[PDB]
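Student: target.cif (mmCIF, C-alpha atoms) pasted underneath:
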data_protein
loop_
_atom_site.label_atom_id
_atom_site.label_comp_id
_atom_site.auth_asym_id
_atom_site.auth_seq_id
_atom_site.Cartn_x
_atom_site.Cartn_y
_atom_site.Cartn_z
CA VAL A 1275 41.99 115.64 -64.90
CA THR A 1276 40.14 117.29 -67.78
CA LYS A 1277 39.91 113.96 -69.61
CA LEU A 1278 38.61 112.26 -66.47
CA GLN A 1279 36.12 115.10 -66.01
CA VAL A 1280 34.90 114.62 -69.59
CA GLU A 1281 34.58 110.89 -68.94
CA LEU A 1282 32.71 111.67 -65.72
CA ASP A 1283 30.14 113.69 -67.68
CA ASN A 1284 29.76 110.82 -70.16
CA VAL A 1285 29.63 108.29 -67.32
CA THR A 1286 27.11 110.44 -65.44
CA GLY A 1287 25.12 110.85 -68.65
CA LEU A 1288 25.23 107.12 -69.34
CA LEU A 1289 23.99 106.26 -65.85
CA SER A 1290 21.40 109.05 -66.08
CA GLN A 1291 20.29 107.85 -69.52
CA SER A 1292 20.13 104.28 -68.23
CA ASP A 1293 18.00 105.37 -65.27
CA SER A 1294 15.84 107.54 -67.54
CA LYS A 1295 15.64 104.75 -70.12
CA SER A 1296 14.57 102.36 -67.35
CA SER A 1297 11.51 104.55 -66.72
CA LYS A 1298 10.39 104.04 -70.32
CA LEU A 1299 10.94 100.29 -69.93
CA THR A 1300 8.52 100.34 -66.98
CA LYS A 1301 5.69 101.07 -69.42
CA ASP A 1302 6.50 97.93 -71.41
CA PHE A 1303 6.94 95.89 -68.22
CA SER A 1304 3.76 97.37 -66.74
CA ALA A 1305 1.85 97.01 -70.02
CA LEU A 1306 2.83 93.34 -70.30
CA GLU A 1307 1.73 92.77 -66.69
CA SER A 1308 -1.70 94.24 -67.44
CA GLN A 1309 -1.79 92.49 -70.83
CA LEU A 1310 -0.59 89.17 -69.39
CA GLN A 1311 -3.18 89.35 -66.61
CA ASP A 1312 -5.89 90.27 -69.12
CA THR A 1313 -4.73 87.59 -71.58
CA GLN A 1314 -4.42 85.05 -68.76
CA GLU A 1315 -7.91 85.90 -67.50
CA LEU A 1316 -9.26 85.70 -71.06
CA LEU A 1317 -7.62 82.31 -71.58
CA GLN A 1318 -8.79 81.05 -68.18
CA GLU A 1319 -12.32 82.36 -68.69
CA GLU A 1320 -12.36 80.84 -72.18
CA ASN A 1321 -11.96 77.39 -70.61
CA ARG A 1322 -15.03 77.96 -68.43
CA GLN A 1323 -17.09 79.06 -71.44
CA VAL B 1275 44.41 112.58 -61.37
CA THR B 1276 44.94 109.80 -58.84
CA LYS B 1277 41.79 110.85 -56.96
CA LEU B 1278 39.71 111.11 -60.14
CA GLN B 1279 40.84 107.62 -61.14
CA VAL B 1280 39.53 106.13 -57.90
CA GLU B 1281 36.46 108.37 -58.09
CA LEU B 1282 35.83 107.20 -61.66
CA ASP B 1283 35.53 103.62 -60.39
CA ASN B 1284 32.83 104.71 -57.93
CA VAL B 1285 31.02 106.72 -60.60
CA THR B 1286 31.26 103.77 -63.00
CA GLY B 1287 29.58 101.60 -60.37
CA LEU B 1288 26.50 103.82 -60.47
CA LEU B 1289 26.32 103.33 -64.24
CA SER B 1290 26.30 99.55 -63.78
CA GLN B 1291 23.67 99.86 -61.04
CA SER B 1292 21.53 102.09 -63.25
CA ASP B 1293 22.10 99.75 -66.19
CA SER B 1294 21.24 96.75 -64.01
CA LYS B 1295 17.97 98.41 -63.00
CA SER B 1296 17.14 99.22 -66.63
CA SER B 1297 18.32 95.77 -67.75
CA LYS B 1298 16.35 94.19 -64.90
CA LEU B 1299 13.14 95.59 -66.38
CA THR B 1300 14.12 94.07 -69.73
CA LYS B 1301 14.51 90.70 -68.00
CA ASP B 1302 10.85 90.71 -66.94
CA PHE B 1303 9.99 92.30 -70.30
CA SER B 1304 11.23 89.26 -72.22
CA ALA B 1305 9.54 86.94 -69.71
CA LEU B 1306 6.23 88.80 -69.95
CA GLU B 1307 6.65 89.18 -73.72
CA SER B 1308 7.17 85.43 -74.09
CA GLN B 1309 4.22 84.77 -71.77
CA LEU B 1310 2.04 87.15 -73.79
CA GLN B 1311 3.02 85.32 -76.98
CA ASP B 1312 1.83 82.02 -75.49
CA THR B 1313 -1.35 83.79 -74.32
CA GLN B 1314 -1.91 86.07 -77.32
CA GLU B 1315 -1.33 83.21 -79.76
CA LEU B 1316 -3.53 80.97 -77.62
CA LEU B 1317 -6.27 83.60 -77.81
CA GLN B 1318 -6.52 82.95 -81.55
CA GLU B 1319 -6.96 79.24 -80.83
CA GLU B 1320 -9.59 80.07 -78.19
CA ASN B 1321 -11.79 81.81 -80.76
CA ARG B 1322 -11.12 79.00 -83.24
CA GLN B 1323 -12.14 76.40 -80.66
CA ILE C 981 -7.46 57.56 -64.07
CA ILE C 982 -5.91 56.94 -67.50
CA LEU C 983 -7.21 60.29 -68.76
CA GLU C 984 -6.16 62.01 -65.53
CA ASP C 985 -2.75 60.31 -65.72
CA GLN C 986 -2.13 61.81 -69.16
CA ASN C 987 -3.49 65.19 -68.06
CA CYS C 988 -1.43 64.97 -64.86
CA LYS C 989 1.80 64.35 -66.77
CA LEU C 990 0.75 66.77 -69.52
CA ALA C 991 -0.22 69.44 -66.98
CA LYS C 992 3.35 69.39 -65.67
CA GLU C 993 4.61 70.16 -69.18
CA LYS C 994 2.41 73.25 -69.47
CA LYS C 995 3.42 74.26 -65.95
CA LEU C 996 7.09 73.42 -66.52
CA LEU C 997 7.17 75.20 -69.89
CA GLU C 998 5.37 78.21 -68.41
CA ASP C 999 7.77 78.16 -65.46
CA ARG C 1000 10.81 77.41 -67.64
CA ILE C 1001 9.90 80.03 -70.26
CA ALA C 1002 10.04 82.65 -67.50
CA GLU C 1003 13.50 81.47 -66.44
CA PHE C 1004 14.71 80.97 -70.02
CA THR C 1005 13.59 84.47 -70.97
CA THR C 1006 15.27 85.90 -67.87
CA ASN C 1007 18.40 83.86 -68.60
CA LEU C 1008 18.68 85.36 -72.09
CA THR C 1009 18.22 88.85 -70.64
CA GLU C 1010 20.77 88.09 -67.91
CA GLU C 1011 23.53 88.02 -70.53
CA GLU C 1012 22.36 91.40 -71.83
CA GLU C 1013 22.51 92.85 -68.31
CA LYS C 1014 25.99 91.45 -67.72
CA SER C 1015 27.09 92.41 -71.23
CA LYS C 1016 25.60 95.89 -70.92
CA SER C 1017 27.00 96.27 -67.40
CA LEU C 1018 30.41 95.01 -68.52
CA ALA C 1019 30.19 97.08 -71.71
CA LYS C 1020 29.52 100.24 -69.70
CA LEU C 1021 32.38 99.43 -67.33
CA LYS C 1022 34.53 98.45 -70.31
CA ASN C 1023 33.84 101.87 -71.84
CA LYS C 1024 35.65 103.45 -68.89
CA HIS C 1025 38.70 101.29 -69.65
CA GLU C 1026 38.46 102.25 -73.33
CA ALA C 1027 38.42 105.96 -72.48
CA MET C 1028 41.31 105.34 -70.07
CA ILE C 1029 43.20 103.03 -72.43
CA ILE D 981 -15.71 65.51 -70.64
CA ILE D 982 -14.19 68.26 -68.49
CA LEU D 983 -10.78 66.57 -68.72
CA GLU D 984 -11.02 66.48 -72.52
CA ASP D 985 -11.43 70.26 -72.71
CA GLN D 986 -8.70 70.79 -70.11
CA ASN D 987 -6.36 68.25 -71.73
CA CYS D 988 -6.94 69.76 -75.17
CA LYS D 989 -6.22 73.25 -73.83
CA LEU D 990 -3.02 72.11 -72.12
CA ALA D 991 -1.99 70.35 -75.34
CA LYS D 992 -2.12 73.57 -77.37
CA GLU D 993 -0.42 75.54 -74.60
CA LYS D 994 2.35 72.95 -74.24
CA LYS D 995 2.92 73.01 -78.01
CA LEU D 996 3.09 76.82 -78.11
CA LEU D 997 5.31 77.00 -75.02
CA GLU D 998 7.90 74.65 -76.51
CA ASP D 999 7.83 76.56 -79.81
CA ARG D 1000 8.24 79.92 -78.06
CA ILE D 1001 11.03 78.54 -75.87
CA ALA D 1002 13.15 77.85 -78.95
CA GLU D 1003 12.69 81.45 -80.11
CA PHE D 1004 14.05 82.74 -76.78
CA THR D 1005 16.51 79.93 -76.01
CA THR D 1006 18.14 80.41 -79.42
CA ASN D 1007 18.79 84.08 -78.64
CA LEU D 1008 20.32 83.06 -75.29
CA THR D 1009 23.13 81.27 -77.13
CA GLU D 1010 24.09 84.43 -79.03
CA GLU D 1011 23.63 86.60 -75.93
CA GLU D 1012 25.60 84.13 -73.80
CA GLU D 1013 28.58 84.26 -76.16
CA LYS D 1014 28.28 88.03 -76.63
CA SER D 1015 27.93 88.63 -72.88
CA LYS D 1016 30.84 86.31 -72.07
CA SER D 1017 32.92 87.69 -74.95
CA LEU D 1018 32.30 91.24 -73.69
CA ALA D 1019 33.53 90.18 -70.25
CA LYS D 1020 36.95 89.18 -71.59
CA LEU D 1021 36.98 92.34 -73.73
CA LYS D 1022 37.01 94.47 -70.58
CA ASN D 1023 39.92 92.39 -69.26
CA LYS D 1024 41.83 93.01 -72.50
CA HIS D 1025 41.83 96.76 -71.86
CA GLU D 1026 42.89 96.15 -68.25
CA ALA D 1027 45.75 93.89 -69.34
CA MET D 1028 46.71 96.32 -72.11
CA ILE D 1029 46.45 99.26 -69.70
#
Could you render the structure as structure tokens?

Tutor:
Amino acid sequence: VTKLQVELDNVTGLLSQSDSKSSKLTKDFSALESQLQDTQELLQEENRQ
Amino acid sequence: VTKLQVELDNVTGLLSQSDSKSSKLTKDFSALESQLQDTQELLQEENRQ
Amino acid sequence: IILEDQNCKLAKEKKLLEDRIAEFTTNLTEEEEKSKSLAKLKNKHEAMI
Amino acid sequence: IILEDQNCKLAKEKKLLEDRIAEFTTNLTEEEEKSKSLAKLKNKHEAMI
């Protein structure tokens, strides 16, 4: 029971760290979306010029 | 002990769900990262052309 | 028509590569999600084993 | 004249897309084996348990 409780804390910490780590990944995913849209618009506008 | 074992399986599922959410962001991260490479690298050719 | 024929077939390559690169990048990250998800679940078996 | 600029742009994009695909597709092979290998690793603990 104590060993399972210790594993529960590690499991809860792993899932919590994964969820918290996912928030930091949103910046990279969101930054790429804004960068991809800006780069795509720059590449598309470059063809017109 | 028997209850914690079954409860551990349910708690472990949340870790996979949290990891899937964090890993899901990495999936689009690699896709956007690869797309940015084709766009960022193409930007250098745009100025050259 | 000859120039458009080449551009038509060549346009599909740029569209297919751009569409395939998104799936290829996600496919590579899919293994990480399954590996990370299985690794997290496997950690519970390691602590139990 | 417009097709020449569009065809030339698609030519560079198609060349960069194929080159970037190999950089990501190559990692998929290692991730595919690692992800699949990790799947059987979890079963080893279950069988051993």

Student: Please enumerate the residues selected by the PyMOL selection byres ((chain D) within 9 of (chain A)) when evaluated against the supplied file, formatted as a PyMOL selection string.

Tutor: chain D and resi 985-986+989

Student: Could you list, as a PyMOL selection string, the residues of chain D having an atom within 7 Å of chain C when counting only C-alpha atoms?

Tutor: chain D and resi 987+990+993-994+997-998+1001+1004-1005+1007-1008+1011-1012+1015+1018-1019+1022+1025-1026+1029

Student: Give me the least-squares superposed chain B (reference chain A; all C-alpha atoms paired in order) as a PDB file with C-alpha atoms, in the coordinates of the input.

Tutor:
ATOM      1  CA  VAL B1275      41.310 116.101 -62.300  1.00  0.00           C
ATOM      2  CA  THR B1276      39.335 119.065 -63.612  1.00  0.00           C
ATOM      3  CA  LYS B1277      39.027 117.404 -67.033  1.00  0.00           C
ATOM      4  CA  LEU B1278      38.003 114.045 -65.557  1.00  0.00           C
ATOM      5  CA  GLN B1279      35.322 115.789 -63.501  1.00  0.00           C
ATOM      6  CA  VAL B1280      33.728 117.280 -66.611  1.00  0.00           C
ATOM      7  CA  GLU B1281      34.307 114.023 -68.491  1.00  0.00           C
ATOM      8  CA  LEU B1282      32.632 112.096 -65.664  1.00  0.00           C
ATOM      9  CA  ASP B1283      29.449 114.111 -66.231  1.00  0.00           C
ATOM     10  CA  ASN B1284      29.437 113.076 -69.899  1.00  0.00           C
ATOM     11  CA  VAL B1285      30.137 109.446 -69.016  1.00  0.00           C
ATOM     12  CA  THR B1286      27.393 109.548 -66.373  1.00  0.00           C
ATOM     13  CA  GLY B1287      24.969 110.727 -69.053  1.00  0.00           C
ATOM     14  CA  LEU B1288      25.535 107.521 -71.010  1.00  0.00           C
ATOM     15  CA  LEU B1289      24.647 105.515 -67.899  1.00  0.00           C
ATOM     16  CA  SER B1290      21.333 107.368 -67.611  1.00  0.00           C
ATOM     17  CA  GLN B1291      20.689 106.870 -71.334  1.00  0.00           C
ATOM     18  CA  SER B1292      21.480 103.165 -71.046  1.00  0.00           C
ATOM     19  CA  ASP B1293      19.373 102.944 -67.891  1.00  0.00           C
ATOM     20  CA  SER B1294      16.540 104.815 -69.613  1.00  0.00           C
ATOM     21  CA  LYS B1295      16.632 102.326 -72.488  1.00  0.00           C
ATOM     22  CA  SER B1296      16.617  99.378 -70.073  1.00  0.00           C
ATOM     23  CA  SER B1297      13.982 101.074 -67.899  1.00  0.00           C
ATOM     24  CA  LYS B1298      11.971 101.916 -71.021  1.00  0.00           C
ATOM     25  CA  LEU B1299      11.615  98.203 -71.758  1.00  0.00           C
ATOM     26  CA  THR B1300      10.380  97.699 -68.192  1.00  0.00           C
ATOM     27  CA  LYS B1301       7.740 100.373 -68.810  1.00  0.00           C
ATOM     28  CA  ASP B1302       6.198  98.336 -71.638  1.00  0.00           C
ATOM     29  CA  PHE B1303       6.887  95.184 -69.602  1.00  0.00           C
ATOM     30  CA  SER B1304       4.564  96.305 -66.808  1.00  0.00           C
ATOM     31  CA  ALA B1305       1.991  97.474 -69.367  1.00  0.00           C
ATOM     32  CA  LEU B1306       2.119  94.180 -71.266  1.00  0.00           C
ATOM     33  CA  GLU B1307       2.274  92.233 -67.992  1.00  0.00           C
ATOM     34  CA  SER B1308      -0.852  94.000 -66.736  1.00  0.00           C
ATOM     35  CA  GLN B1309      -2.542  93.454 -70.107  1.00  0.00           C
ATOM     36  CA  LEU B1310      -1.617  89.761 -70.025  1.00  0.00           C
ATOM     37  CA  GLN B1311      -3.111  89.478 -66.535  1.00  0.00           C
ATOM     38  CA  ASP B1312      -6.427  90.859 -67.809  1.00  0.00           C
ATOM     39  CA  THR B1313      -6.181  88.476 -70.788  1.00  0.00           C
ATOM     40  CA  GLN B1314      -4.709  85.443 -69.014  1.00  0.00           C
ATOM     41  CA  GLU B1315      -7.223  85.728 -66.174  1.00  0.00           C
ATOM     42  CA  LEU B1316      -9.992  86.293 -68.713  1.00  0.00           C
ATOM     43  CA  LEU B1317      -8.918  83.106 -70.487  1.00  0.00           C
ATOM     44  CA  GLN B1318      -9.977  81.135 -67.410  1.00  0.00           C
ATOM     45  CA  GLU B1319     -13.393  82.801 -67.574  1.00  0.00           C
ATOM     46  CA  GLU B1320     -13.586  82.026 -71.307  1.00  0.00           C
ATOM     47  CA  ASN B1321     -13.292  78.288 -70.665  1.00  0.00           C
ATOM     48  CA  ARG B1322     -15.725  78.594 -67.753  1.00  0.00           C
ATOM     49  CA  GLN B1323     -18.236  80.400 -69.963  1.00  0.00           C
TER      50      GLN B1323
END

Student: Quick one: which residues from chain B are at most 9 Å off chain A, using only C-alpha atoms, as number ranges by chain?

Tutor: B: 1275-1276, 1278-1279, 1282, 1285-1286, 1288-1300, 1302-1304, 1306-1307, 1309-1310, 1313-1314, 1316-1317, 1320-1321

Student: What is the Cα root-mean-square deviation, to one decimal place in Å, for chain D superposed on chain C with all Cα atoms matched in order?

Tutor: 3.0 Å

Student: May I have the centre and edge lengths, in Å to one decimal, of an axis-aligned box around the listed atoms of region 1303-1321 of chain A with 5 Å added to every side, as JSON?

Tutor:
{"center_x": -2.7, "center_y": 87.4, "center_z": -69.4, "size_x": 29.3, "size_y": 30.0, "size_z": 15.6}
